[PDB]
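The chain below stands alone and is given as structure tokens, in the form solved without the ligand.
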């Protein structure tokens, strides 16, 4: 039977099932006020699927100049054409190679650049903004989005949305690497998975994806979404409550010191965006500091709601296109205030 919602993370994560249900706010606001993330499934069914394909981005925009990041070692690949990224998205024999001769796991940096999404892609902008869930929170002029209503005493988010494009991590060694490292945002965000590319040429890499989800601490109901419904998993997230951010900084200062980094006692390892919490670090956070997080698998069409101030990291299982919009909910406006 169709149902309004369900629970993941053993009851700790709300999953809303109908992205356009006008009564979603009633279930949402109780979880959101407690500083929890929220998942909304089914957004892909509301979109024009032909606007979100890697081959269309390559054909329409392929001649623009961009920088890429090598996810395995953080090396920057400077001033290449954006088609050099898109044409290797799903076909592995077309990817740029490292010196070792392996195909690289790449992230497309800052594209479209700054606030240019709306100017470059007006039809994509319309399709996304008209179909975001919880529209009183997430639309630029929603009644519960304070972004446009705040004085300079508050840090205001840039004009969005922002696109996040990267290949899937592949090997056993890749399990310890992030697509996006641990960081926090002073605004709320909604992050939508609009396309998942399961490759060909090394298509059989499906069993290391299961070990990554399992070792990632994913709950038994999330594991059922693969085996039972054959949905496409895009990315493994870890999110932590805003209230736990200082204890995470204490762990990362102690590990930095153990690894012979030489850091002043006050430096901020979350702001640095230099760490990915692997299975060893996540267990140490729990055992030594008493901190539990949320392990979330984002499938095609899932919208992840990330609370302001919540530390979070992202690990792509397959090649992903994500589109995110920042907003300022009244529940979390304290996180962007410039005093006390």
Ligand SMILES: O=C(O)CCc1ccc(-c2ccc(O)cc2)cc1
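Just so we're on the same page, rigid core means the largest C-alpha set that superposes within 1.5 Å between forms. Numbering follows the first chain given and starts at 1.
Peer 1: Line up the rigid core: which moves more in 9 other deposited structures of this protein, 187-195 or 200-208, by C-alpha RMS?
Peer 2: Stretch with the higher C-alpha RMS distance in 9 other deposited structures of this protein: 200-208.
Peer 1: Hey, after superposing on the core, which one moves around more in 9 other deposited structures of this protein, 74-82 or 223-231, CA-wise?
Peer 2: Looking at 223-231 and 74-82 in 9 other deposited structures of this protein, the bigger mover is 223-231.
Peer 1: Mean C-alpha B-factor higher for 28-36, or for 303-311?
Peer 2: If you average the C-alpha B-factors of 28-36 and of 303-311, the larger mean comes out for 28-36.
Peer 1: What stretch has the higher average Cα B-factor here, 54-62 or 293-301?
Peer 2: Result of the comparison: 54-62.
Peer 1: Which one of 236, 200, 104, 184 shows the biggest C-alpha B-factor in the PDB entry?
Peer 2: Highest C-alpha B-factor among the listed residues goes to 200.
Peer 1: If I read the C-alpha B-factors straight from the PDB entry, which of 228, 244, 87, 136 is highest?
Peer 2: Spelled out: the listed residue with the top C-alpha B-factor is 228.
Peer 1: Going by the entry, which third of its chain does the Cα temperature factor of residue 333 land in?
Peer 2: Within its chain, residue 333 is a lowest-third residue by C-alpha B-factor, going by the deposited values.
Peer 1: Give the position of residue 80 by CA B-factor within its chain, expressed as the lowest, middle or highest third.
Peer 2: Middle third.
Peer 1: Which third, lowest, middle or highest, does the CA B-factor of residue 44 fall in along this chain?
Peer 2: Within its chain, residue 44 is a middle-third residue by C-alpha B-factor, going by the deposited values.
Peer 1: Taking the entry's C-alpha B-factors for this chain, is residue 129 in the lowest, middle or highest third?
Peer 2: Highest third - that is where residue 129 ends up once the chain's C-alpha B-factors are sorted.
Peer 1: What third of the chain does residue 219 rank in for C-alpha temperature factor, lowest, middle or highest?
Peer 2: Highest third - that is where residue 219 ends up once the chain's C-alpha B-factors are sorted.
There is another form of this protein, the form solved in complex with the ligand, and it is not shown here; the text below is about that form.
Peer 1: Which one, 231, 174, 127, 87, lies within 4.5 Å of the ligand in the deposited bound form by heavy atoms?
Peer 2: By the 4.5 Å heavy-atom cutoff, the listed residue in contact is 231.
Peer 1: Using a 4.5 Å cut on heavy atoms, which of 198, 146, 159, 120 is close to the ligand in the deposited bound form?
Peer 2: After the contact test, the surviving option is 198.
Peer 1: Against the ligand in the deposited bound form, would residue 116 count as a contact residue? Criterion: heavy atoms within 4.5 Å.
Peer 2: The answer is no: residue 116 has no heavy atom within 4.5 Å of the ligand.
Peer 1: Against the ligand in the deposited bound form, would residue 257 count as a contact residue? Criterion: heavy atoms within 4.5 Å.
Peer 2: Answer no; every heavy atom of residue 257 is more than 4.5 Å from the ligand in the deposited bound form.
Peer 1: In the deposited bound form, does residue 318 have a heavy atom within 4.5 Å of the ligand?
Peer 2: Flag for residue 318 set to yes.
Peer 1: Look up in the deposited bound form whether residue 141 has a non-hydrogen atom within 4.5 angstroms of the ligand, and give yes or no.
Peer 2: No - in the deposited bound form, heavy atoms of residue 141 and the ligand never come within 4.5 Å of each other.
Peer 1: Work out which of the listed stretches, 203-211, 128-136, 79-87, 258-266, brings a heavy atom within 4.5 angstroms of the ligand in the deposited bound form.
Peer 2: Looking at the partner contacts, the answer comes out as 203-211.
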